[PDB]
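Structure at a glance
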Amino acid sequence: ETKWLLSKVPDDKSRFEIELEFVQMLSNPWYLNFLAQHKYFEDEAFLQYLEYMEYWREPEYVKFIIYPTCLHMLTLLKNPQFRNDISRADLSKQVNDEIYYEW
Amino acid sequence: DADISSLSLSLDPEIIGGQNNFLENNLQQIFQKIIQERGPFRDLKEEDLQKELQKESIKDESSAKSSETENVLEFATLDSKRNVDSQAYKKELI
Amino acid sequence: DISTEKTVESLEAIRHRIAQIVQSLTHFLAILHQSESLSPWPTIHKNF
Amino acid sequence: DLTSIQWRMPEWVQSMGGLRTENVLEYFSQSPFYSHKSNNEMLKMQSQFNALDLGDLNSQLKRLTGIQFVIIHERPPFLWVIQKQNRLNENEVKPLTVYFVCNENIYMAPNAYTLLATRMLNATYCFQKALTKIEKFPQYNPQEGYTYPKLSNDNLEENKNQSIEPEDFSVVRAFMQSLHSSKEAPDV
Amino acid sequence: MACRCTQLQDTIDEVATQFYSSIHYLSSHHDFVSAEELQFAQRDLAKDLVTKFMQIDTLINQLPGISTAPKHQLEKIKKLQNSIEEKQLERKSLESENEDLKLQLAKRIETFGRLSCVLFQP
């Protein structure tokens, strides 16, 4: 009824924009660790990942550009539950992407 | 184009298409799904045949349940993320 | 000029105490690893 | 705040293509770490006056009193040592923090005692925490001794000497030993 | 590979850089007392560059889709799908059509496996 009113000062046009615009910033394995603070993780943050599920669908899929985001998408699709959203996997995780970058 | 689904074989022209068969695959499976212990599972193999019988009889003839839609089904999993001793003291101490 | 000497020396004593408490607590944890089950509580207090 | 935390505006470096010499104090001037009554900044004010009269850095800097950020140890192409200081004379120096190029970050150098205290505190905290949600479960008795109550013990399940006048393995241990001897008994 | 005209471009703009490579031998090497042999190197470029150009023409000779009619080559793909899309489930239907018999036939192999076991122990 007034969930938009819950915002301290937001509402915003939102739309497709900053969504994908930050999805490419999700791509970085180095980005993984920072998410181990409070900004978002297993808390209410989990909802972000649970509503960003729409990308596999047609139209949204085209605007994907860096399947490393699709591999971080694999991370959420995988038990990020585990260390993937906890301890995994140091700078080597970037290498785990760099290999994907290598191939 | 169902061949686009068969382009997974083209993906197999682009990849090894997974290890597929493995005893280890049967080991994670020894952990995964009902039940456990491959010998005991073999004892359950007739019961597993019962599982293929009327156990799977459940089908589809009911309301679509719009409330379940859509990505919120994952939000229920988040509800699982929230709502769902000897050694252990020494363990956590370790 | 003495302060560097304070560094190498006093930190030698410090790293020594660390070398004590750490590896000795490895010995400790190993004592815990002796456990088929119950921990020796009084021994644990001795460890403390 | 001054430790291992992000503070990046990469596009500046994207323009610069990376650091050169005095330009490190440019992105550093963007940083909070940069001081306003630093000789770097009051003589930045000199750049807003004399402009030409600054030389490289250290000549105009250390000869003039106040806070400074002198360069001593380059580490191309990433780190560059740059210590904060306070000249009290054209000759005298009173050096402060070694600010350093952490690459798209620069930090104050931590005290050893800070992290040491962190270690001491966290360790003794582990001790005390070991004493927390663990202690007073082995309740003492002169007779029963320490006790370990359970809904079910299993799992598993200074006194006296003189008295009345398993081996869960069914001697299986020796049997296995014999298996070791016997596996190569034909072979040996 | 594909877009091999761009590979030819690799022998164009990059060869154009090779002209720049040819450029840097006369900066001051003359009166500062070989360049005469460097002229033979210029001959070597007269060989190399031009032959590379001939190679360019040779790959020009067989541009894929010589019909050059995407408007109709896509139609070719349409007919190709008129084949393939029909063949899709048809070829894979054979799988189940086979196993529906052959799985039970394999268990028949298991029954004569019973009898083989009977033969094992007279």
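Residues numbered from 1 in each chain as written, not as in the entry; some residues may be left out. Chains lettered and ligands numbered in written order. Part of a larger assembly, values for the part shown. Heavy atoms only, no water. Residues with missing side-chain atoms left out of burial classes, pairs and counts.

1. Considerations on the overall build of chain E
For chain E, the helix and strand inventory stands at four helices and zero strands. Each helix and strand of chain E, ordered N terminal to C terminal, gives the series α-α-α-α. On C-alpha atoms alone, chain E measures out to a radius of gyration of 34 Å, which is more than a quarter above the 14 Å that the 2.2 N^0.38 rule sets for 122 residues. (Helix = DSSP H or I, 4+ residues; strand = E, 2+ residues; numbered from the N terminus. Rg over C-alpha atoms; globule rule 2.2 N^0.38 Å.)

2. A few points about the overall build of chain D
Scanning chain D from terminus to terminus reveals six helices and four strands. Counting helices and strands in the order they occur from the N terminus, chain D gives α-α-α-α-β-β-β-β-α-α.

3. Focus: the interface of chain D and chain C
Accessible area lost during the coming together of the parts is what is often quoted as the interface size. Every contact between the two is made by eight residues of chain D and, on the other side, nine residues of chain C. Of the residues that constitute the side of chain D that touches chain C, the class distribution is six nonpolar, no polar and two charged. (Contact = heavy atoms within 4.5 Å. Nonpolar A, V, L, I, M, F, W, Y, C, P; charged D, E, K, R; others polar.)

4. Observations regarding the pattern of salt bridges
For the salt bridge of C:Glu12 with C:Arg15, the shortest nitrogen-to-oxygen distance reads 3.1 Å. A residue pair is termed a helical-turn pair when its members lie 3 or 4 positions apart in one helix, as C:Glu12 and C:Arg15 do in helix α1 (residues 2–33) at three residues. The closest approach of N and O atoms between D:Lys136 and D:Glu135, which form a salt bridge, is 3.9 Å. (Salt bridge = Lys/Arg side-chain N within 4 Å of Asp/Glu carboxyl O.)

5. Observations regarding the pairing of strand β1 (residues 66–75) of chain D
Residue and element names in this part refer to chain D. Pairing geometry for β1 and strand β2 (residues 79–87), over eight bridges, is antiparallel. By the bridge assignment, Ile67 is partnered in β2 with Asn86. The hairpin turn running from β1 into β2, its antiparallel successor, is three residues long. (Pairing = 2+ DSSP bridges.)

6. Thoughts on the UniProt feature "coiled-coil region" in chain E
UniProt's entry tags residues 71–112 of chain E with the feature "coiled-coil region", counted in the numbering of this structure. Along residues 71–112 of chain E one finds 100% helix and 0% strand; the C-alpha atoms at either end are 61 Å apart. (UniProt positions renumbered as here; feature names shortened; annotations may be inferred.)

7. Some points on unusual backbone geometry
Across the junction of B:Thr69 and B:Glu70, the peptide omega takes the value 0°, indicating a cis bond. For the peptide bond that leads from D:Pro166 to D:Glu167, omega is 5°, which places it in the cis range. At E:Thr68, a residue that is not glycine, the phi angle is positive and equals roughly 50°. Mapped onto the secondary structure, E:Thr68 falls in the loop between α3 (35–60) and α4 (70–120).

8. As for the sheet that holds β2(D)
Read from one edge to the other, the open sheet built from four strands follows the order β1-β2-β3-β4 (chain D), with strand pairing classed as antiparallel. Lying at the two open borders of the sheet, with one neighbouring strand each, are β1 and β4 (106–107) of chain D.

9. Here's the deal with the arrangement of the chains
Among five pairs of chains with at least one contact, chains C and D form the most extensive contact set. The two units chain A and chain D remain apart, with a minimum C-alpha distance of 10 Å. Separated in space, chain D and chain E share no contact, their closest pair of C-alpha atoms being 25 Å apart.

10. Comments concerning the pairing of strand β3 (residues 95–101) of chain D
Residues and elements named next belong to chain D. Across four bridges, β2 lies against β3 in antiparallel orientation. Counterpart to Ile82 in the pairing with β3 is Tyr99. Two strands pair when backbone bridges link them, and β3 and β4 are joined in this way by two bridges, in the antiparallel orientation. Residue pairing in the sheet places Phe100 in a bridge with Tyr107 of β4. The antiparallel hairpin formed by β3 and β4 contains four residues in its connecting segment, where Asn103 sits at a positive phi of about 65°.

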